[PDB]
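Only the coordinates and a few stated rules stand behind these numbers; no lab work does. When we count neighbours, we look across all protein chains shown, and the Cβ atoms used for this are built from the backbone with ideal geometry, even at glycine.
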Amino acid sequence: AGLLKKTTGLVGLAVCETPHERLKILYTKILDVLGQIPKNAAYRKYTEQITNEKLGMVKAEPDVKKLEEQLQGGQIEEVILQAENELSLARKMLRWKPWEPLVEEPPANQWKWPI
Amino acid sequence: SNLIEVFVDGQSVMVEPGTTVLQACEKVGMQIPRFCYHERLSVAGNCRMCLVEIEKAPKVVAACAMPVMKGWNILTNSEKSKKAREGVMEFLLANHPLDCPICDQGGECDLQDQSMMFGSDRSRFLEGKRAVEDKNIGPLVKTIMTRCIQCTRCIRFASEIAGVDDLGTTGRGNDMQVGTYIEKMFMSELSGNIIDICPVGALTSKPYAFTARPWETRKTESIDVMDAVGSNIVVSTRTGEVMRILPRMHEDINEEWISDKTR
Amino acid sequence: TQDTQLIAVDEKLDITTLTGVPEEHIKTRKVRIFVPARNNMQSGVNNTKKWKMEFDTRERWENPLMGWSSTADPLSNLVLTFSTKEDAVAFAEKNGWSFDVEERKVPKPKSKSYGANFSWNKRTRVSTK
Amino acid sequence: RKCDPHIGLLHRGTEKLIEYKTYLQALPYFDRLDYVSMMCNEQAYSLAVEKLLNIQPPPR
Amino acid sequence: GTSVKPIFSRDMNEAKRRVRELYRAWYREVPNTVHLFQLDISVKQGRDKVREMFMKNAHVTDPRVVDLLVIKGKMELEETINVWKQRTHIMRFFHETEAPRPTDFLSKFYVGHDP
Amino acid sequence: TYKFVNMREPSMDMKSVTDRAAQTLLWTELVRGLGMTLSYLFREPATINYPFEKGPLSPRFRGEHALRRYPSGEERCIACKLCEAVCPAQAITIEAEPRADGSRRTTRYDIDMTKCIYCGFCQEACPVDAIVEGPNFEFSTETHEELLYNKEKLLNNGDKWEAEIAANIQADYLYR
Amino acid sequence: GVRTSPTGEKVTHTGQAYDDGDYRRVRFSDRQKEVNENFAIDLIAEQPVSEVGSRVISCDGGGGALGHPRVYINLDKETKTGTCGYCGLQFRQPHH
Amino acid sequence: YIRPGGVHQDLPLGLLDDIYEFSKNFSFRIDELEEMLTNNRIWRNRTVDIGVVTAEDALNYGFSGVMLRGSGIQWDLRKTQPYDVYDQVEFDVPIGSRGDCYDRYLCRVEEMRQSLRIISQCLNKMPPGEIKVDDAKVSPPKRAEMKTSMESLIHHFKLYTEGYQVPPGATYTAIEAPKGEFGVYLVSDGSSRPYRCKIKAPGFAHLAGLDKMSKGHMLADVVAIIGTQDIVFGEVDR
Amino acid sequence: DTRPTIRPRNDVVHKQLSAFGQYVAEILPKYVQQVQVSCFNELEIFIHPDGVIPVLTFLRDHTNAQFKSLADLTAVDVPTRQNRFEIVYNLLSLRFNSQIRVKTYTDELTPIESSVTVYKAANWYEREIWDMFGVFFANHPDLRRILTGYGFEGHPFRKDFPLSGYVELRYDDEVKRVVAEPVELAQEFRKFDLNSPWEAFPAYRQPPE
Amino acid sequence: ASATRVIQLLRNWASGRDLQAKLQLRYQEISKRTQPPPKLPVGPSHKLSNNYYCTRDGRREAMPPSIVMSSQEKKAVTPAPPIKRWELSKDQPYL
Ligand code: SF4
Ligand code: SF4
Ligand code: SF4
Ligand code: SF4
Ligand code: FES
Ligand SMILES: [K+]
Ligand SMILES: [Zn+2]
């Protein structure tokens, strides 16, 4: 927390003045969109393993200055940006649906370099 | 049927009884280093570079002349097998004259290729080197006996392949001079093939001497027309002309031998 | 299992037109296939294991000044490497080169022995060792 | 509005001939690739090649 | 094996459909390219030449291949009309500098030992 | 570790802004440039007087090739054919032939100066130090033909620069 | 030394000789046919024959590091005097 | 000079001394640049706030080296992935804070000074020892050993005609070139020759990104952006 | 290192990368056909041609991967494979300082939908893979030629394309314009067959086939 | 160097610094070009005692890529620990 940081050190990236709850209502959203995905999905178990877990201290600890080393994710103003891509990514494999078997096995021994 | 079972550094393979260790290795693709054995020229067993250790062995077996039987895991990449190859090769290379720049075998020499794959990277020799006096057995093949390593591949080739008894290894000790002792000549109709069986530049073609080097010689496949046998041969062409002719691998027609006229 | 607006083409796949080898280098190049025979004075065999894509040699004349080997065959110094053979041929027709093969001269099993060199009736007694 | 950096006015074979030159013979290409940073190129090549060879240069 | 991907066209019918309007573009441009590139050839020989390279590959049956030359041929008409190519780049198609190559068997035999 | 390069804190006191206004109004920083270049003029130049004096070089210098010969005078070259095998531009062409004595050297050692790239690999390749490449760099010309050096041209040049390169490899072979 | 062709055309050590017409000769016109006067074959043949009384003698060629790869040529042939391959200068044993 | 397995030759005796004399005087020469340009208004106005790019687009554009560092991106190959000795040396990476052309110019001149730090640290800490690996199969033997030891002759022979055979596989090795991140990706067939070598050109992505910077600037600034892109074309043209 | 000649290994990164290999493996068993971590701590993700967007978008936005840096993408024309081309992306993660390699196979005709949306650095990185190799990239902004000459014919990096090509230029004074002719060299390439007939390192030897 | 103290003063004042301390040219400080012959060291494995190449097999010791998963409770991991935010340069934090 403390005095609002004038600049985050990355041009284009802006300092958000309400970062803790922005992480909160983002982090709920991936948990929300994860609801559609099946339980057997490998994505979901990994998602919930780091979503509400990392929703933990941000819910508990409110000082973003201490929150830097809570997630080892760098500056908070890009962590919420990173959470945005995770929310974005969750939408992506809501369509890819990758837990089916391979579309096609690799044709003959194409791999196995050298030739 | 009667094909005895045996392992080769792990994986097991069946094999005809009486087969030697060398002939069991290539069944899976192992070309164990050899210098005195030719698959169609007797069995010498003197180069000792075929030495590979068997499982639970107290001593390294000579893979050329050892018949393999049930349950003998060929320890190809074993430390002792590589140790045996390393020691035995340096002994071969010890008295070898420093002729690689001036020797035509350079670029296609088995001694050079072996030292790249199965060999050291420095010398521990601090003495003089043996100097064998040169010989002369014809104008078709040069004789440089200082480069010889006494693989005896020639004397077997003369004895059975060429059917003429005019090659031998006179002397004793370090003084194994392979040649003719007395002054003689070697123009058997297959005497030209004596060049290819030689693993070193000890025997080289006088007409081809100092004319080309192996890497530049583009190779082409053609046939022999000197004779009605129609031998399969490979023609060397570089910079737009032919230098030397080599026999090809054709067990039915020529095996790997060609007539002196063809060569 | 890979339905993406799936279509079917039964024609043998040729890509010569898009590759764009000039029309005099597409039919007048008898492309022959073989496994390189081992150099007969090189006991090693780590060359008799693949397939190549060598062409037919063309005219090689000497340069007037410096005795070069000036050559107008752009494709002379090119060989491909193929593990097995039908891919090598499958390569061959897809650009539609004049095509032929040669079967791999596999070494026949040599029945080797060492006691034969010391026989009692048979002539395989070696005369030197 | 838009700028098209049409390049290729220097495109040499480079990688194309490296398939035909040995590792030692291919080394001088990098000196000529990013020609103003002489050693830094061949630094990459040597680091790359020795990595495959599983051989590390002496500390000197 | 027979079942395969439609890069741009399912059927040979729409393959020509891509050839048609592209030929129309490759028909229309001739008066303007011959004008601003400042050549000496006439429009008509440009027109019938356009036919010529439309001809040599008018023998393939695979829909992917033919429409691959469609995009391949799509890739020079703009390279010309936006004056990207040079006068030396479109006279190159008008192969002129070489002497006529030999057609009869006698002419090849006289010239050299090369089919 | 790291450090910032443009975090600037312009102090907004009445003192400091006076300098900033003084900087903008009176071209102080521009005058800094003028006095900077003036000091350069008042210094000596470093233009070497070519050809009356040339650049400083080193014994390892790579220049124009020249085949040498033994103290006896016979050509060091034995046609081992290593140099063209490593020659990265294939500028070295050579064909060995039988000689009358039997010391069968080459009838052809043609190095194309317009193809060669002066890596010096040929020197390292040669086991008898036959082909070295000398300190000369003035071997310019007006026709492309005279850069296609042949066996005779290298031999003549080796006999020319023999006085120089002999000492160069004398003072550098320990490094090699 | 160096000989001269019928067209003058000083023949190099290799033996090159442009024949009578040989249109390629026109390049030497208005110019000079660069030939090295020193011929290796006869410039080493007159060198003194070494006389060392041993069966095997090294042939480093002077300045071992600076010379040529040291060989161990044999000295037992009395018909002719054995010479190093690289050096070319001849070793002979005095009455063996 | 830089060959696989080390370096080809040794430094001549006293060479470190001359470069030490050069190192002392070059800090002044840097001051000439900064005094000449850094505070000059004409220099700044043609450069400041020109061709700015945000951190996300800069990284997404595949940029590398100073291109990222100028935009405040916290990254450097010599520090994050220290190859060679670069771990046993200290230097401050000059991270900018605006992303425009001026920030990179300050970053580059600071890179000069930090480079001068490396010269001093390497100078006082140059260890003894050999120049190449002690493996003749990949390092040509010493000229002295060439002409006395037979193994050296064979190893030198096959190395200069056939060359060492690199084990099959592939590798994209990456180092921070002064231009940026110059990486070479090669696939080894297992022979003595490479099969295919792909080089990462820092200029390639930079010249690819030349479209984005130029938007919102004049042609007299387009020349400025081309300068700061460090687009040496033989490097970009591969 | 007790053996300074050999390069030391690092198993710490090796099995950590191996752990991350299985991580991505379980998420997409429909795409990831093959995962491989080499001796020199290099991770390889062998993917299906359809997966150029998903796995790269996955590798770019995931919290445990964060691979947003497109190092390079290159093709490896292998004639003996039925899919001659092998497009090989490279990813760099700033957060975990690691490198990820993904491979997709292709014929001459099978297309790859452009990865411009995932990595916008890839815009210029197809204009030459289309040039040098000829693999067409679907739904891509511009597929223009930037390495080959204007109107040049062929894909030179294809291993069936000769070193010297087919066309050589010369300024013809008859037409006052440089023009192309079939190539004819002053000297032909003295190709060298330097592959030793004796087997190399037996570690990667091919199984009896 | 040659240059008199008068215009040396002009350079020093105009440049704002003393230039006689270090100049862009060279002088007698350069090591002379006839350096004594060196005695370059030997290799670490140059010993003629146990030195078998079976020990150092850099080319040979390489192994194929290790098979871990092929087409033919759990925890979440990362390819490496997340980077550490380095601190400012203690020598000079802010330019
Ligand atoms: S035979 Fe082989 S080892 Fe002997 S000199 Fe000739 S090339 Fe060298
Ligand atoms: S001369 Fe050659 S073939 Fe005869 S024994 Fe010696 S190495 Fe063997
Ligand atoms: S320096 Fe020597 S080896 Fe290198 S290109 Fe020139 S002639 Fe060839
Ligand atoms: S100059 Fe040296 S390297 Fe070249 S062929 Fe002659 S001896 Fe061999
Ligand atoms: S093969 Fe057994 S000793 Fe030569
Ligand atoms: K031989
Ligand atoms: Zn000698």
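Just to verify a result, which residue in the stretch H:135-173, among those that are more than 7 Å from every other protein chain (Cβ to nearest Cβ) and in contact with a strand residue (DSSP E or B) (Cβ under 7 Å, 6 or more places away or on another chain), is surrounded by the most Cβ atoms within 10 Å (Cβ to Cβ)? Filtering the stretch H:135-173 for residues that are more than 7 Å from every other protein chain (Cβ to nearest Cβ) and in contact with a strand residue (DSSP E or B) (Cβ under 7 Å, 6 or more places away or on another chain), the one surrounded by the most Cβ atoms within 10 Å (Cβ to Cβ) comes out as H:139. Here residue B:88 does not qualify as away from chain C (no Cβ under 11 Å), assigned to a strand (DSSP E or B) and either crowded, with 22+ Cβ neighbours inside 10 Å or within 16 Å of ligand 5 (Cβ to nearest atom) (or both). Within the stretch H:21-76, how many residues turn out to be buried (at least 22 other Cβ atoms within 10 Å of the Cβ), within 14 Å of chain A (Cβ to nearest Cβ) and charged (D, E, K, R)? Total meeting the criteria: 1.
Yes/no matrix, rows are residues, columns are (1) within 16 Å of ligand 3 (Cβ to nearest atom); (2) more than 30 Å from residue F:76 (Cβ to Cβ); (3) among the acidic types (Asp, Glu); (4) under 15 Å from the mean Cα position of the chain (by Cα):
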| residue | (1), (2), (3), (4) |
| --- | --- |
| B:55 | no, yes, yes, no |
| B:71 | no, yes, no, no |
| B:84 | no, yes, no, no |
| B:109 | no, no, no, yes |
| B:114 | no, no, no, yes |
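Take the residues in the stretch B:139-171 that are in contact with a helix residue (DSSP H, G or I) (Cβ under 9 Å, 6 or more places away or on another chain) and of a type in the set (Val, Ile, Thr); name whichever of them is nearest to ligand 6 (Cβ to nearest atom). Per the stated criteria, the residue is B:141. Filter the stretch G:56-86 down to residues that are more than 16 Å from ligand 1 (Cβ to nearest atom) and either more than 7 Å from every other protein chain (Cβ to nearest Cβ) or under 22 Å from residue F:67 (Cα atoms) (or both), then give me how many there are. Number satisfying all stated conditions: 17. Just name the residue that is farthest from ligand 7 (Cβ to nearest atom) out of those in the stretch B:192-213 that are within 11 Å of chain C (Cβ to nearest Cβ) and part of a helix (DSSP H, G or I). Among them, the one singled out is B:193.
Every residue in the stretch F:109-153 that is among the charged types (D, E, K, R), more than 20 Å from the chain's Cα centre (by Cα) and surrounded by 18 or more Cβ atoms within 10 Å (Cβ to Cβ), please. Within the stretch F:109-153, F:110, F:151, F:152, F:153 meet the criteria. On the given criteria, is residue B:170 within 16 Å of ligand 7 (Cβ to nearest atom) and more than 10 Å from chain C (Cβ to nearest Cβ)? When the stated conditions are applied, residue B:170 does not pass them. Beta carbons closer than 9 Å, at least 6 apart along the sequence or on distinct chains, pair a first residue in the stretch B:240-251 that is on the phi > 0 side of the Ramachandran plot with a second that is of a type in the set (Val, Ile, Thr) and in a strand (DSSP E or B) for B:240/C:71. Listed by first and then second residue, the pairs linking a residue in the stretch I:134-156 that is at the interface with another protein chain (Cβ under 7 Å from one of its Cβ atoms) and farther than 20 Å from residue I:120 by Cβ to a residue that is part of a loop (DSSP other than H, G, I, E, B) and among the hydroxyl-bearing types (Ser, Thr, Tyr), with Cβ atoms under 7 Å apart and 6 or more places separating them unless they lie on different chains, are I:156/I:148.
Of the strands (runs of 3 or more DSSP E) that lie entirely inside the stretch I:50-165, not one contains 1 or more residues that are on the phi > 0 side of the Ramachandran plot, among the hydrophobic types (A, V, I, L, M, F, W, C) and surrounded by fewer than 20 Cβ atoms within 10 Å (Cβ to Cβ). Taken together, C:40, C:77 contain a single residue that is within 16 Å of ligand 2 (Cβ to nearest atom) and more than 30 Å from residue G:28 (Cα to Cα), which is C:40. Contact map, the stretch B:143-155: residues that are within 16 Å of ligand 7 (Cβ to nearest atom) paired with residues that are aromatic (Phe, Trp, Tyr) and assigned to a loop (DSSP other than H, G, I, E, B), Cβ distance under 8 Å, separation 6+ or inter-chain. Pairs shown: B:146/G:72.
Restricting attention to the stretch B:43-66 and to residues that are in a strand (DSSP E or B) and touching a helix residue (DSSP H, G or I) at 6+ places or on another chain (Cβ under 6 Å), the residue that is farthest from ligand 1 (Cβ to nearest atom) turns out to be B:53.
Take the conditions among the aliphatic types (A, V, I, L, M) and in a loop (DSSP other than H, G, I, E, B) and apply them to residue B:242. Does it pass? So residue B:242 does not fit the description; no.
Among the residues of the stretch C:35-60, those identified as closer than 30 Å to residue B:203 by Cα and of a type in the set (A, V, I, L, M, F, W, C) are C:35, C:37, C:41, C:45.
Counting only strands (runs of 3 or more DSSP E) that sit wholly inside the stretch F:1-105, those with at least 1 residues that are more than 9 Å from every other protein chain (Cβ to nearest Cβ), of a type outside the set (A, V, I, L, M, F, W, C) and more than 30 Å from residue J:88 (Cβ to Cβ) are F:65-67. Does residue F:66 count as surrounded by 15 or more Cβ atoms within 10 Å (Cβ to Cβ) and among the small types (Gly, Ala, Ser)? Against the criterion (surrounded by 15 or more Cβ atoms within 10 Å (Cβ to Cβ) and among the small types (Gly, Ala, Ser)), residue F:66 qualifies.
Scanning the stretch D:6-17 for residues that are out of contact with any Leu (no Cβ under 8 Å at 6 or more places or on another chain) and part of a helix (DSSP H, G or I) gives a single hit, D:15. Residues considered: H:26, H:63. Of these, the only one that is among the aromatic types (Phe, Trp, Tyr) and assigned to a loop (DSSP other than H, G, I, E, B) is H:63.
Each row is one residue, and each column tells you yes or no for (1) of a type outside the set (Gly, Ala, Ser); (2) in contact with a strand residue (DSSP E or B) (Cβ under 7 Å, 6 or more places away or on another chain); (3) within 16 Å of ligand 6 (Cβ to nearest atom).
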position	(1), (2), (3)
F:92	yes, yes, no
F:104	yes, yes, no
F:109	yes, yes, no
F:117	yes, no, no
F:125	no, no, no
F:138	yes, no, no
F:169	yes, yes, no
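Taking the listed residues B:183, B:189, B:133, B:216, the one that is among the acidic types (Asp, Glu), part of a loop (DSSP other than H, G, I, E, B) and within 16 Å of ligand 3 (Cβ to nearest atom) is B:216, with no other qualifying. State whether one or more residues within the stretch B:118-133 are within 30 Å of residue B:189 (Cβ to Cβ), more than 14 Å from ligand 5 (Cβ to nearest atom), within 14 Å of chain F (Cβ to nearest Cβ) and acidic (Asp, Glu). Among the residues of the stretch B:118-133, not one is within 30 Å of residue B:189 (Cβ to Cβ), more than 14 Å from ligand 5 (Cβ to nearest atom), within 14 Å of chain F (Cβ to nearest Cβ) and acidic (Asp, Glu), which makes the answer no. Of the numbered criteria (1) touching a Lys or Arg at 6+ places or on another chain (Cβ under 7 Å); (2) surrounded by fewer than 21 Cβ atoms within 10 Å (Cβ to Cβ), the one residue B:28 fails is (1). Among the residues of the stretch C:73-103, those that are of a type in the set (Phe, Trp, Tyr), surrounded by 17 or more Cβ atoms within 10 Å (Cβ to Cβ) and either more than 7 Å from chain I (Cβ to nearest Cβ) or part of a helix (DSSP H, G or I) (or both) comprise C:91, C:97.
Considering B:214, B:199, B:207, the condition of being of a type outside the set (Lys, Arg) and within 16 Å of ligand 5 (Cβ to nearest atom) is satisfied by B:199 alone.
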